[PDB]
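Here is the structure we will look at, set down as structure tokens.
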Amino acid sequence: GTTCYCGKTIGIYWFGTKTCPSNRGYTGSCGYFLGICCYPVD
């Protein structure tokens, strides 16, 4: 697992995708380097 940060809200980083997986309980997201950031962190 690898961290991400957006708007001073930390999250989990998802590689090789551009949307967040819906069943994982994410409340928000932002596009990130090589992929996407999904938050809160796991």
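Ordering of the structure tokens sets the chain letters (A, B, ...); residue numbers start at 1 within each chain; ligands are numbered from 1 in the order shown.
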
* Asked: Which neighbours of residue 7 (chain A) fall inside 12 Å, counting only C-alpha atoms, when residues of the same chain fewer than 2 positions from it are skipped, and could you give them as a list in words?
  -> residues 4, 5, 9, 10, 11, 28, 29, 30, 37 and 39 of chain A

Would you save the residues of that selection, restricted to N, CA, C and O atoms, as a PDB file, in the first residue's frame?
```pdb
ATOM      1  N   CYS A   4      -1.353   8.771  -0.622  1.00  0.00           N
ATOM      2  CA  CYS A   4      -1.585   9.952  -1.449  1.00  0.00           C
ATOM      3  C   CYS A   4      -2.084  11.147  -0.619  1.00  0.00           C
ATOM      4  O   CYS A   4      -2.554  10.955   0.500  1.00  0.00           O
ATOM      5  N   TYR A   5      -2.001  12.372  -1.146  1.00  0.00           N
ATOM      6  CA  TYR A   5      -2.473  13.589  -0.464  1.00  0.00           C
ATOM      7  C   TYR A   5      -3.214  14.534  -1.420  1.00  0.00           C
ATOM      8  O   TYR A   5      -2.695  14.852  -2.492  1.00  0.00           O
ATOM      9  N   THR A   9      -6.126  16.343   2.796  1.00  0.00           N
ATOM     10  CA  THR A   9      -6.797  15.060   3.039  1.00  0.00           C
ATOM     11  C   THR A   9      -5.933  13.953   2.442  1.00  0.00           C
ATOM     12  O   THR A   9      -5.764  13.840   1.227  1.00  0.00           O
ATOM     13  N   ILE A  10      -5.346  13.144   3.312  1.00  0.00           N
ATOM     14  CA  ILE A  10      -4.548  11.966   2.954  1.00  0.00           C
ATOM     15  C   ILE A  10      -5.453  10.810   2.488  1.00  0.00           C
ATOM     16  O   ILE A  10      -6.568  10.627   2.988  1.00  0.00           O
ATOM     17  N   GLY A  11      -4.970  10.010   1.544  1.00  0.00           N
ATOM     18  CA  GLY A  11      -5.652   8.839   1.011  1.00  0.00           C
ATOM     19  C   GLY A  11      -4.704   7.693   0.673  1.00  0.00           C
ATOM     20  O   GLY A  11      -3.511   7.714   0.978  1.00  0.00           O
ATOM     21  N   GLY A  28     -14.119  10.426  -1.238  1.00  0.00           N
ATOM     22  CA  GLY A  28     -13.671  11.352  -2.280  1.00  0.00           C
ATOM     23  C   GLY A  28     -12.353  10.922  -2.927  1.00  0.00           C
ATOM     24  O   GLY A  28     -11.746   9.915  -2.544  1.00  0.00           O
ATOM     25  N   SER A  29     -11.945  11.659  -3.960  1.00  0.00           N
ATOM     26  CA  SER A  29     -10.794  11.320  -4.805  1.00  0.00           C
ATOM     27  C   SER A  29     -10.183  12.522  -5.535  1.00  0.00           C
ATOM     28  O   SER A  29     -10.792  13.594  -5.619  1.00  0.00           O
ATOM     29  N   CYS A  30      -8.975  12.343  -6.073  1.00  0.00           N
ATOM     30  CA  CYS A  30      -8.338  13.281  -7.001  1.00  0.00           C
ATOM     31  C   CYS A  30      -7.380  12.558  -7.961  1.00  0.00           C
ATOM     32  O   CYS A  30      -6.700  11.605  -7.572  1.00  0.00           O
ATOM     33  N   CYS A  37      -5.625   9.157  -6.559  1.00  0.00           N
ATOM     34  CA  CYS A  37      -5.692   9.178  -5.105  1.00  0.00           C
ATOM     35  C   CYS A  37      -7.155   9.005  -4.659  1.00  0.00           C
ATOM     36  O   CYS A  37      -8.033   9.729  -5.133  1.00  0.00           O
ATOM     37  N   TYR A  39      -9.613   8.529  -1.009  1.00  0.00           N
ATOM     38  CA  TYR A  39      -9.545   8.846   0.427  1.00  0.00           C
ATOM     39  C   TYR A  39     -10.856   8.549   1.180  1.00  0.00           C
ATOM     40  O   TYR A  39     -11.931   8.612   0.573  1.00  0.00           O
TER      41      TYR A  39
END
```

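Summary of the local environment: counting only C-alpha atoms, residues at most 12 Å from residue 16 (chain A), other than itself and those fewer than 2 positions away along its chain, are residues 13, 14, 18, 19, 20, 31, 32, 33, 34, 35, 36 and 37 of chain A.
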
* To do: May I have all residues of chain A that DSSP, computed from the backbone, assigns to strand (DSSP E or B), given as a ChimeraX atom specification?
  => /A:3-6,9-15,28-32,35-39

Could the residues in this selection be written to a file with C-alpha atoms, as a compact mmCIF listing (two decimals), in the first residue's frame?
```txt
# COMPACT_ATOMS: atom_id res chain seq x y z
CA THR A 3 -0.17 6.95 0.41
CA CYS A 4 -1.58 9.95 -1.45
CA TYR A 5 -2.47 13.59 -0.46
CA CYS A 6 -5.11 16.09 -1.74
CA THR A 9 -6.80 15.06 3.04
CA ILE A 10 -4.55 11.97 2.95
CA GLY A 11 -5.65 8.84 1.01
CA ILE A 12 -4.58 5.58 -0.63
CA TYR A 13 -2.92 5.61 -4.09
CA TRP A 14 -4.42 3.48 -6.91
CA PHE A 15 -2.03 2.59 -9.79
CA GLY A 28 -13.67 11.35 -2.28
CA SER A 29 -10.79 11.32 -4.80
CA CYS A 30 -8.34 13.28 -7.00
CA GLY A 31 -6.31 12.47 -10.16
CA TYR A 32 -2.68 11.69 -9.17
CA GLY A 35 -2.93 7.11 -11.46
CA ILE A 36 -5.47 8.32 -8.83
CA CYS A 37 -5.69 9.18 -5.11
CA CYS A 38 -8.74 7.77 -3.19
CA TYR A 39 -9.54 8.85 0.43
```

* To do: For residue 25 (chain A), work out the shell of residues within 9 Å, counting only C-alpha atoms and skipping chain neighbours fewer than 3 positions away, then give it as a PyMOL selection string.
  => chain A and resi 21-22+39-40
